[PDB]
*Asks:* 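Below: one structure in C-alpha cells.
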Amino acid sequence: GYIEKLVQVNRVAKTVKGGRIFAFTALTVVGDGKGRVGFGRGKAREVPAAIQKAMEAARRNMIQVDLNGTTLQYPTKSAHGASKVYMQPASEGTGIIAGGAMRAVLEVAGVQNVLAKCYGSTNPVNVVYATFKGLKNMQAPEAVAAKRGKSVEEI
RNA sequence: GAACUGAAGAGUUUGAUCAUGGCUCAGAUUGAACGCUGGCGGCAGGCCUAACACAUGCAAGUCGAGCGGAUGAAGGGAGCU
C-alpha cells in the first residue's frame with residue numbers, strides 16, 4: 001500500500017588508474033499516501049539495482065506529517081543548503097502546484113491541494129531535504145495550544 | 001449573500017559533485033507581418049511608416065413668417081376665336 005515515486009536518476013563517475021567507472025544514483029520518495037512520507041538515496045552500478053537501493057533506504061527513514069486534511073495547514077518557508085522552498089495551503093480543487101522535484105514529495109505525503117515554489121538552487125536532492133524539513137516541522141493547531149498551555153481558543 | 005481561489009520548472013561550465021552565475025526553452029498577448037492552407041456566420045478591428053504630395057467627387061448650410069427686386073402660375077376678362 002506504499003506509493004513510490006522516482007524523482008531522478010543520475011549518472012555519476014569516479015576516475016581510477018585507467019578509464020573511468022560509472023555509478024548510477026537514484027533518489028526516491030515513499031509514503032502511505034495519507035500521512036506518512038520518506039525519502040532515500042541509493043548508489044549502485046546499474047539502474048535496476050540503483051532504484052531498488054533507494055527503496056529500502058527511503059522506507060527506513062520516514063516521519064509523520066500532521067496535515068490539516070487533504071491540504072497543508074499554514075504557509076511556511078523551509079531552507080536547506082542554498083535551496084529555499086515556500087509552501088502555502090490551498091483551497092479544495094487545485095492540484096499540486098509545485099516543482100517536479102518536490103511535486104513527488106507532496107503528492108506521496110498525502111498533500112493534494114497546495115501551492116509551492118522553489119527559491120535559490122533547484123537541486124532535486126536538496127529541495128527534497130528542504131520540503132522534508134518543512135513538513136517535519138509542521139505543527140497541528142492542538143500541538144501549538146499544548147505548547148502555550150491553552151485550548152484551541154488561541155485561534 | 002458575491003465582487004476571489006492564489007505562486008511548477010528544464011537544458012547548459014565538470015572525469016563526476018555542490019554552489020555561484022549568465023545564456024536558451026516550455027506561457028500569455030499584439031492595430032501585427034511572412035510562408036503553407038482555406039467553407040460559413042456574428043461581433044469587432046483595419047497606414048503603427050512619409051504631420052509626404054495630392055487628380056477627382058462630396059464633407060455647412062439654412063431662413064421669404066426680417067427686407068428689396070426678378071421669375072412671374074392657378075384662377076378670371078379680351079383682339080383672333
Side-chain angles (χ1 to χ4, degrees), chain A residues 2-58 60-63 65-141 144 155:
Chain A
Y2 266 177
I3 174 56
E4 315 138 27
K5 285 297 312 304
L6 180 78
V7 180
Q8 82 172 52
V9 50
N10 186 38
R11 210 263 293 275
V12 318
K14 84 165 258 181
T15 40
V16 288
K17 169 170 70 123
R20 43 220 77 207
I21 88 170
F22 279 151
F24 287 85
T25 278
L27 169 131
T28 81
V29 58
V30 304
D32 58 356
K34 31 188 181 67
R36 315 165 49 81
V37 86
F39 81 104
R41 300 170 33 68
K43 201 194 297 121
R45 319 313 281 310
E46 286 217 304
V47 195
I51 39 62
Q52 201 31 25
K53 237 159 288 194
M55 297 312 345
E56 312 65 47
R60 214 153 74 280
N61 205 232
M62 320 204 336
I63 39 184
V65 309
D66 81 7
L67 326 161
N68 184 162
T70 213
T71 205
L72 200 132
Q73 174 44 263
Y74 50 77
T76 207
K77 43 201 93 202
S78 148
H80 176 262
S83 277
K84 243 140 192 191
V85 172
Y86 176 83
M87 41 195 36
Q88 184 209 325
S91 34
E92 163 59 277
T94 170
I96 297 277
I97 319 298
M102 31 184 313
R103 159 189 294 280
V105 172
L106 301 316
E107 151 209 275
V108 153
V111 172
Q112 339 166 210
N113 289 168
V114 76
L115 291 166
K117 191 72 184 52
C118 300
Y119 300 125
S121 182
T122 308
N123 192 234
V125 183
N126 252 296
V127 55
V128 159
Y129 266 76
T131 176
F132 230 84
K133 182 180 315 256
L135 289 185
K136 155 190 253 183
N137 259 2
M138 254 306 261
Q139 276 199 286
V144 194
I155 220 76

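Residue numbering restarts at 1 for every chain, and letters A, B, ... go by the order of the sequence lines. No hydrogens, no waters, no symmetry mates; every other heavy atom, side chains included, goes into these values.
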*Asks:* Does A/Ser121 place a side-chain N or O at less than 4.0 Å from the phosphate oxygens OP1/OP2 of B/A19?
*Replies:*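 So the side chain of A/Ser121 is within the cut-off, an N or O lying under 4.0 Å from OP1 or OP2 of B/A19.
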*Asks:* Please tell me which of the listed nucleotides, B/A19, B/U17, B/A7, lies nearest to the side chain of A/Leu115?
*Replies:*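 Nucleotide nearest to A/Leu115's side chain: B/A7.
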*Asks:* Do B/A65 and B/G66 pass the stacking test of six-membered ring centres within less than 5.5 angstrom and planes tilted under 30 degrees?
*Replies:*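 So B/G66 stacks onto its neighbour B/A65: no.
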*Asks:* Return the orientation label for the A/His80 and A/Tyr129 ring planes: parallel under 30°, perpendicular over 60°, tilted otherwise.
*Replies:*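 Ring orientation, 0 to 90° scale: parallel.
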*Asks:* Could you tell me whether the side chain of A/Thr71 and the main chain of A/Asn113 form a donor-acceptor pair under 3.5 Å?
*Replies:*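 Yes: the side chain of A/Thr71 pairs with the backbone of A/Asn113.
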*Asks:* Does B/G9 have a Watson-Crick or wobble partner in any strand here, with both distances under 3.5 angstrom, and which is it?
*Replies:*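 Pairing partner: B/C25.
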*Asks:* In whole angstrom, give the distance that lies between atom CZ of A/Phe24 and atom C1' of B/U17.
*Replies:*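 It works out to 16 Å between those atoms.
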*Asks:* Is there a Watson-Crick or G-U wobble partner for B/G64 with both distances under 3.5 Å, and which nucleotide is it?
*Replies:*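 Check on B/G64: unpaired, no WC or wobble geometry under 3.5 Å.
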*Asks:* Among B/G9, B/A19, B/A8, find the nucleotide with the atom closest to the side chain of A/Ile97.
*Replies:*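 Minimum distance to the A/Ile97 side chain belongs to B/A8.
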*Asks:* When you compare B/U30 with B/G46, how far apart are their P atoms, in angstrom units rounded to a whole number?
*Replies:*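 Roughly 14 Å separates the two P atoms.
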*Asks:* Indicate yes if the six-membered rings of B/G42 and B/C43 are centred less than 5.5 Å apart and inclined by less than 30°, otherwise no.
*Replies:*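 Yes, which means the ring centres sit under 5.5 Å apart while the planes stay under 30°.
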*Asks:* Do any N or O atoms from the side chain of A/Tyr119 and from the backbone of A/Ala82 form a donor-acceptor pair under 3.5 angstrom?
*Replies:*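 Looks like no, no N/O pair under 3.5 Å.
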*Asks:* Starting at the 5' end of RNA chain B, which residue's closest nucleotide do you reach first, A/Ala98 or A/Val125?
*Replies:*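 Between the two, 5'-proximity favours A/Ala98.
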*Asks:* How is the sugar of B/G69 puckered by the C1'-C2'-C3'-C4' sign, north or south?
*Replies:*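 Taking the sign of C1'-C2'-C3'-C4' as the criterion, B/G69 has a north sugar, on the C3'-endo side.
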*Asks:* Does B/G69 stack on B/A70, meaning their six-ring centres are under 5.5 Å apart and the planes differ by under 30°?
*Replies:*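 The answer, once centre distance and plane angle are checked, is that they stack.
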*Asks:* How would you label the contact of A/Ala116 with the nucleic acid (heavy atoms, under 4.0 Å): base, sugar-phosphate, or nothing?
*Replies:*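 Sugar-phosphate only.
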*Asks:* For A/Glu107 and B/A8, what is the distance between atoms CD and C1' respectively, to the nearest whole Å?
*Replies:*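 Going from CD in A/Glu107 over to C1' in B/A8 covers 13 Å.
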*Asks:* Let me know the distance between NZ of A/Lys84 and P of B/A7, rounded to the nearest Å.
*Replies:*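 To the nearest whole Å, that distance equals 23 Å.
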*Asks:* Send over the distance from A/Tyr119 OH to B/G9 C1', rounded to a whole Å.
*Replies:*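 That distance rounds to 13 Å.
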*Asks:* Using a cut-off of less than 4.0 Å, is there contact between a side-chain N or O of A/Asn10 and OP1 or OP2 of B/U17?
*Replies:*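 The answer is yes; a side-chain N or O of A/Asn10 sits under 4.0 Å from OP1 or OP2.
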*Asks:* Just checking A/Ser91: base, sugar-phosphate only, or nothing, at a heavy-atom cut-off of under 4.0 Å?
*Replies:*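 The answer is base, as A/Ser91 lies within the cut-off (heavy atoms under 4.0 Å) of a base atom.
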*Asks:* Kindly determine whether A/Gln88 and A/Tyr74 satisfy side chain to side chain contact (heavy atoms under 4.5 Å, CB included), including the steps that lead there.
*Replies:* CA-CA 6 Å; A/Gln88 184 209 325; A/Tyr74 50 77; over 6 Å; no
*Asks:* Answer yes or no on whether A/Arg11 is positioned over the face of A/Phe22, meaning its NZ or CZ is under 6.0 Å from the six-membered ring centre and within 45° of the axis.
*Replies:*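 Yes, a cation-pi geometry holds between A/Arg11 and A/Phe22.
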*Asks:* Quick one: look up who B/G35 pairs with, Watson-Crick or G-U, both distances under 3.5 Å, and put none if it's unpaired.
*Replies:*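 Its partner: none found.
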*Asks:* Please lay out, stage by stage, how A/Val125 and A/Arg41 fare under the test side chain to side chain contact (heavy atoms under 4.5 Å, CB included).
*Replies:* CA-CA 9 Å; A/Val125 183; A/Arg41 300 170 33 68; 4.1 Å; yes
*Asks:* Could you list, one pair per line, each protein nitrogen or oxygen that sits under 3.5 Å from a nitrogen or oxygen of nucleotides 13-15 of chain B, together with the distance?
*Replies:*
unit_1 : atom_1 : unit_2  : atom_2 : d
B/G15  : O4'    : A/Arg20 : NH1    : 3.1
B/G15  : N2     : A/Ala13 : O      : 3.1

*Asks:* Side-chain contact, heavy-atom cut-off 4.5 Å: A/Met87 with A/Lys117?
*Replies:*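 A side-chain contact is absent here, since even the closest heavy-atom pair is not under 4.5 Å.
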*Asks:* With the 90 degree cut-off around zero defining syn, does B/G6 come out syn or anti?
*Replies:*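 Judged by the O4'-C1' to base torsion, B/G6 sits in syn, the angle falling within 90° of 0.
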*Asks:* Would you kindly give the NZ-to-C1' distance between A/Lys43 and B/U17, to the nearest whole Å?
*Replies:*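 From A/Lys43 NZ to B/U17 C1': 11 Å.
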*Asks:* Under 4.0 Å between any heavy atoms, over every strand shown, what does A/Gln88 touch: base, sugar-phosphate, or nothing? Just pick one.
*Replies:*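 Answer is base: heavy atoms of A/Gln88 come under 4.0 Å of a base.
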*Asks:* Could you tell me how far B/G42 sits from B/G38 if I compare only their P atoms? Round to whole Å.
*Replies:*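 It works out to 23 Å between them.
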*Asks:* Return yes if some donor-acceptor pair links the side-chain N/O of A/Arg60 with the main-chain N/O of A/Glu56 below 3.5 Å, else return no.
*Replies:*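 Checking the backbone N and O of A/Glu56 against the side chain of A/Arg60, a donor-acceptor pair under 3.5 Å is found.
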*Asks:* Check for me whether B/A7 stacks on B/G6 (ring centroids under 5.5 Å, interplanar angle under 30°).
*Replies:*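 B/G6/B/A7: stacking flag false.
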*Asks:* In whole angstrom, give me the gap between the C1' atoms of B/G45 and B/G31.
*Replies:*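 To the nearest whole Å, 7 Å.
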*Asks:* Just by the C1'-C2'-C3'-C4' torsion, is B/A60 north or south?
*Replies:*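 Of the two classes, B/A60 takes south, because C1'-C2'-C3'-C4' is negative.
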*Asks:* Please state the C1' separation for the pair B/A53 and B/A70 - nearest whole angstrom.
*Replies:*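 B/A53 and B/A70 have their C1' atoms separated by 47 Å.
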*Asks:* Is the base of B/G31 stacked on the base of B/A32, judged by six-membered ring centres under 5.5 Å apart and planes under 30° apart?
*Replies:*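 Stacking test on this dinucleotide step: no.
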*Asks:* Taking all non-hydrogen atoms of both residues into account, name the closest pair between A/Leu27 and A/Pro124 and its distance.
*Replies:*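 Result for this residue pair: CD2-O, 4.5 Å.
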*Asks:* Rounded to whole angstrom, note down the P distance from B/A33 over to B/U17.
*Replies:*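 Going atom to atom, P in each nucleotide, I get 49 Å.
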*Asks:* CG/A/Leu106 to CG/A/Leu72 distance, rounded to the nearest 0.5 angstrom?
*Replies:*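 It is 7.5 Å, given to the nearest 0.5 Å.
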*Asks:* Taking the same atom, P, in B/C36 and in B/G21, what whole-Å distance lies between them?
*Replies:*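 47 Å, rounded to whole Å.
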*Asks:* In whole angstrom, give me the gap between the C1' atoms of B/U14 and B/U20.
*Replies:*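 To the nearest whole Å, 15 Å.
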*Asks:* Please indicate the pucker of B/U71, north or south, going by the torsion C1'-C2'-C3'-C4'.
*Replies:*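 Since its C1'-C2'-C3'-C4' torsion is positive, the sugar of B/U71 is on the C3'-endo, or north, side.
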*Asks:* Run the pair test on B/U14 and B/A44: Watson-Crick or G-U wobble, both distances under 3.5 Å, answer yes or no.
*Replies:*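 B/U14 and B/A44 do not meet the Watson-Crick or G-U wobble geometry.
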*Asks:* Using the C1' atom as the reference point in each nucleotide, state the distance between B/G77 and B/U62 in Å, no decimals.
*Replies:*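 Here B/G77 and B/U62 have their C1' atoms 42 Å from each other.
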*Asks:* Nearest 0.5 Å please: distance from the NZ atom of A/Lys133 over to the OG atom of A/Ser83.
*Replies:*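 The OG atom of A/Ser83 is 11.5 Å from NZ of A/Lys133, to the nearest 0.5 Å.
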*Asks:* Note down whether B/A10 puckers north or south, where north is a positive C1'-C2'-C3'-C4' and south a negative one.
*Replies:*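 A north sugar, the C1'-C2'-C3'-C4' torsion of B/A10 being greater than zero.
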*Asks:* Positive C1'-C2'-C3'-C4' means north, negative means south, so call it for the sugar of B/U29.
*Replies:*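 By the sign criterion, B/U29 is north.
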*Asks:* Which residue, A/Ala82 or A/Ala101, contacts RNA chain B at a nucleotide closer to its 5' end, judged by nearest heavy atom?
*Replies:*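 Here A/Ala101 is the residue nearer the 5' end.
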*Asks:* Starting from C1' on B/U20, measure out to CG on A/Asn123 and report it in whole angstrom.
*Replies:*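 In whole Å, B/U20 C1' and A/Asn123 CG are 13 Å from each other.
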*Asks:* In whole angstrom, what separates A/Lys77's NZ from B/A7's P?
*Replies:*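 A/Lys77 atom NZ is separated from B/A7 atom P by 17 Å.
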*Asks:* Within this structure, what is the CD1-to-P distance between A/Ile96 and B/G6, rounded to whole angstrom?
*Replies:*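 Those two atoms, CD1 and P, are 18 Å apart.
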